[PDB]
Structure formats: C-alpha cells, structure tokens
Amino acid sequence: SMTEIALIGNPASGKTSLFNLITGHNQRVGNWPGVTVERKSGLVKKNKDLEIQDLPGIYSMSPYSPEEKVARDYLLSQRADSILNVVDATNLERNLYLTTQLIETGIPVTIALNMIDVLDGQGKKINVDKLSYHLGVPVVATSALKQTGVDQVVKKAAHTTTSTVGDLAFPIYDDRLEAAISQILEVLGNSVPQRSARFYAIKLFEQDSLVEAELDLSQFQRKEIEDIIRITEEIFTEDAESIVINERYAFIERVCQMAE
C-alpha cells in the first residue's frame, strides 16, 4: 500500500518548488472530477512507495472557491495518510491560519517550515522545536532554494500518519468556544466520523453552507445547533464566523509568542 501524503499550503509558500524537488520531473497532471482545477501528483523520487498528492494553494478551507472545495473534499475523504503543510516562515502567523484548519481534519499534519533561508536574511528567528511543541505537530525547517530539510520533512510526514498517530492534539480555543464545540459534537452523535468530528462541529458553528447542505441532520439536531450558536454569539457579542476567526488568530499568536 502506497503512503499518500497530501501537500498543501498558501499560495507563494514554496509548495510547487518543494513538490518539484520531492518528485523531480516524474509527475502526473489532470483535473479534479467535474471541475477545471488542476489535479497533480508524483511519487517521491527517493522513495517511490510514497505518493505526493499536490493540492491547490489556499489560505483557508472556506466554501467560496473551487480550489478550497477540492482541498477540503479530498482531506475529508480520508484517502490521505498524512498532510505535509508547507508554511512560509517569513509570514508565519498568516500561514498558520490554514494550518489550524488542517489539524482539525484529523489527518496528522507535518509542517515544512519553508523559506527558512529568507528568514535568516531578514534578521528574524523561529525556534523550531518550540513551534512544534506548541502546535502539537512535527516541524522541519526547509529551504526549497538552498535544497535543505526536504528529505527530512518527507521522512517525518511518511511516519506521521492516520495509522501511526493516536489521539488528536487539536488547537484548544477559549473555554466558551470549546463549550459550543462540545455541545455540537453531542448533537452530532455518529452523523460524522469521530476523526473529523471537530472539523464538522466548527464548520457547523460558523454556518458553513457546504457542510450544512451535505450533512443529513434531523430537525432536532438543527434546533440544538441553532440554540448553541445563538447563546454563544450572545456571550461573545460577536457573530459566529468572527468568533472562530478571532480564536484561530489568538491561538496562533499565543503559539508564536511561546515559540520565540
């Protein structure tokens, strides 16, 4: 059985550059079914038992672009063994916004902390093991330009899979949001897989139109969820989508502070 490694990150994070280094000239290109979004994959040049599934460069997993939808559907399909998340070290906080959402899918994340050579030139520093510790994911510093850390991150990702990793270490948000997520999980029951339950619970909280349309929820489930959102919005005096956005960035800021 092939180990399937999903490669994803923001646009201009160096994902293509790393894809090309990892796979060399041996790639397969097409489209995702029913859409014109490119579907690209390649075997790891130095370990052909590993397949890299490239995913479109995105900033978030929102319902508003074909590229974001392709990434989400693929990651929620449970076909990937590992997520290899390419992160631009020179724009860390902005890049980790997506990372928090990737962790929540329940497919173990490994980070290629890319552009590390640029960071050195800007007079900036990132303490890699502290960043890893506080994100709850492996992190390996890479440079696609200098060609460093690449084989190392691929090896880590290959040994950090849905088979090898036990409990999910997910970003923990404010107690008030966690209460809402917990109650949505109770309402969900077995309507979604345990592995991705948190992804779905957060999406429901923020009234993601794709999840709402796809899930077969009872009238009672929908009423329970509506109630949870209403009271949670009242206690934050903020709309549900904004609450989640603010909590993601707060977590990211805390991690980046504790990692310097």
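So that there is no doubt, residue numbering starts at 1 and follows the sequence shown.
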Between 133-141 and 165-173 (mean CA B-factor, as deposited), the higher: 165-173
Which of 198-206 and 36-44 has higher mean CA B factor, as the PDB entry lists it: 36-44
Which of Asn31, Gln221, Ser60, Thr232 ranks first by CA B-factor in the deposited coordinates: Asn31
Selection from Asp81, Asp88, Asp120, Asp73 [criterion: highest C-alpha temperature factor in the record]: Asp120
Chain-relative CA temperature factor third for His25: highest
Position of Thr16 among the chain's modelled residues by C-alpha B-factor, lowest, middle or highest third: highest
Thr160 by Cα B-factor - lowest, middle or highest third of the modelled chain: middle
Chain thirds of CA B-factor: placement of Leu215: highest
Chain third (lowest, middle, highest) by recorded CA B-factor, residue given as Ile116: highest
